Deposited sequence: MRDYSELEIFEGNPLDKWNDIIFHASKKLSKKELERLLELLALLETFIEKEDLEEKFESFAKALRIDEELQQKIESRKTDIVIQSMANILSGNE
């Protein structure tokens, strides 16, 4: 046994933050650079594809959409899980 005094009321992003700030500074740095480079890649791709306006619309078609908000919310979770798996990996 053990003393049960947090399954209910959980926040995925807060754990991602704890893990990023408590893991080896070498690993958290590498993971953060990975995410930064991916972002730069995605941004640059949208531009070369000249979908910049397309994306601004899409990003602006989110406030009113619903299945899409829930969607990027699930994507954030996947990213956090990949993040944590990489830090665990290395």
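Regions left out of the model, expressed as runs of the deposited sequence counted from 1: Deposited residues absent from the model fall in 6 to 7, 93 to 94.
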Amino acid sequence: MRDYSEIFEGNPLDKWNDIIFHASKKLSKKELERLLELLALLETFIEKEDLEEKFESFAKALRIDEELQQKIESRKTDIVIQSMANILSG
From here on, numbers count along this sequence of modelled residues.
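Segment of higher mean CA temperature factor, 21 to 29 or 63 to 71: The entry gives the higher C-alpha B-factor average to 63 to 71.
Between the two ranges 38 to 46 and 54 to 62, the one averaging a larger CA B factor in the entry: That would be 54 to 62.
Third assignment of residue 14 from its chain's C-alpha B-factors: For residue 14, the deposited C-alpha B-factor lands in the middle third.
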